[PDB]
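Numbering (the entry's author numbering), first residue to last: 853 to 1080.
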Amino acid sequence: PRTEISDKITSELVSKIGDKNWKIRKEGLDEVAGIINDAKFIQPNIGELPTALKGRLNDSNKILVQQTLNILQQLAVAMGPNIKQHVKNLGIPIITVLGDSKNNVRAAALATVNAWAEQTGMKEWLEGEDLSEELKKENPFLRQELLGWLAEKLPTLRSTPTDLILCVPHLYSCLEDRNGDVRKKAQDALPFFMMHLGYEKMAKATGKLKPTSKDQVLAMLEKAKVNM
């Protein structure tokens, strides 16, 4: 079977990963990468590792954010579909890294959520309020990347996205975002939202907008109704 590595996740190791000295944090993360690669395939119980890694997704040293993202990629491949058990606790915090100002860090975060989605499908990622609460944030890097990801994943869903409607008010915010790339990605995503929600549901959601915003969004909606 797969190897259980929970007993490798010791108090000593978790303590190193959270140390105040980056060299000791790095030593801890280096060890974790080695443990997973040597096991190759692992059981889903990874002790307190998720708490330790969540704590490094905003490390002051960007190389340790990158190292943590690579370890999260290892975990998806090594654990397989059982990594679904960790999506809400550990996967969603990866989404916040799409808001990094460093292009190479954002790129690694996107690759990481895609590596997980290959194992888990998109259902857990789109369920409930968690993703919409990230899209809500006025970070143009986060909005851009998340809208791009939605446009790519929405036509491939194996389960109806129950809570896609929760993203809609923030999608509409993005249609008028200050950032032009955000506006472009929101426009790209619009028809893929509509394929699941339908026009009337999306048109109803414009009620909460100010009259000027409501007017432009409805016009964008009419045009996407061509592709229906």
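All C-beta atoms, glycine included, are put in the ideal place defined by N, C-alpha and C.
**Buried or exposed (CB count within 10 angstroms, at least 16 for buried), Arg1030** = exposed
**Member of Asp890, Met931, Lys878 and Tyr1024 whose CA lies at the smallest distance from the CA of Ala1057** = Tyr1024
**Residue range of the unbroken alpha helix (DSSP H) whose run includes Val1069** = Run containing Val1069: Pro1063 to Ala1076, per the alpha helix (DSSP H) assignment.
**Request:** Report yes if the C-beta distance between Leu999 and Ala1038 is below 7 angstroms; otherwise report no.
**Result:** yes
**Request:** Would you kindly report the start and end of the unbroken alpha helix (DSSP H) that includes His938?
**Result:** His938 -> no alpha helix (DSSP H), and no H or E assigned at all.
**Message:** Assess contact between the segment 925 to 935 and the segment 883 to 893, defined as three or more Cβ pairs (one per stretch) separated by less than 8 angstroms. Is contact present?
**Reply:** yes
**Message:** I need the straight-line Cα distance from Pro992 to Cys1026, nearest angstrom please.
**Reply:** 9 angstroms
**Asked** Relative to the alpha-carbon of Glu985, which residue among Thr972, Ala1071, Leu1016 and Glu879 has its alpha-carbon at the smallest distance?
**Response** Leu1016
**Request:** Figure out for me which residue from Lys989, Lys940 and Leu1009 has the closest Cα to the Cα of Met974.
**Result:** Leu1009
**Item:** Residues that DSSP places opposite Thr855 in a beta bridge
**Value:** Partner residues in the beta bridge of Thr855, as assigned by DSSP, are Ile894.
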